[PDB]
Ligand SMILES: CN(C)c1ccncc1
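Just one chain follows, in the form deposited without this ligand, and it is written as structure tokens.
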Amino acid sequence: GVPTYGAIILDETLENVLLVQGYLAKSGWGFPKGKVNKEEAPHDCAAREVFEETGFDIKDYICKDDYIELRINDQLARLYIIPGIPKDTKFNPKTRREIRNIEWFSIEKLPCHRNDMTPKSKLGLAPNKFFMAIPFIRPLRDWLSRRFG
């Protein structure tokens, strides 16, 4: 899979994270990210995708060792952690044909797993609009505990 890069943007209180909502297959909420171009450095891809999806430029804020990286179905996704962005920042996508909306979410209210369907004795997981964000939530909470406490 082609690797993806993007960001976890947090506000000044460290309570809230910025998610984006796409269209079609990408209808759920997720962290801003996208696929790396040929010869593009990870930091440059993260900044480009985030600026395309949110209109906010992270380039001056990225720290090289501060990221969460997950390999899901043999595709690597790396999100740089960007704290301290004011909640009153005006975010606006460049790609308004791919982004429906952009919102802050309380980290403590976000799920870190989807719910099963054990009440219905049925296998699998119930739909959840945060499906794509979910795998990052526990690692993020653990990362914020180690870094800040």
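Numbering starts at 1 and runs along the sequence shown.
Averaged over Cα atoms, the B-factor as recorded in the entry is higher for 113-121 than for the other of 84-92 and 113-121. Averaged over CA atoms, B-factors in the entry run higher in 35-43 than in the other of 35-43 and 49-57. For the set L14, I134, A25, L19, the PDB entry puts the maximum C-alpha B factor at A25. In the deposited entry, the Cα temperature factor of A77 sits in the middle third of values across the chain's modelled residues.
Sort the modelled residues of the chain by CA B factor and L144 lands in the middle third.
Keep in mind that the form solved in complex with this ligand is not shown, yet the notes after this line are about it.
When you look in the bound PDB entry, the only residue of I68, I102, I107, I85 with a non-hydrogen atom within 4.5 Å of this ligand is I102.
Though the partner is left out of this view, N92 does reach within 4.5 Å of this ligand in the bound PDB entry, counting heavy atoms only.
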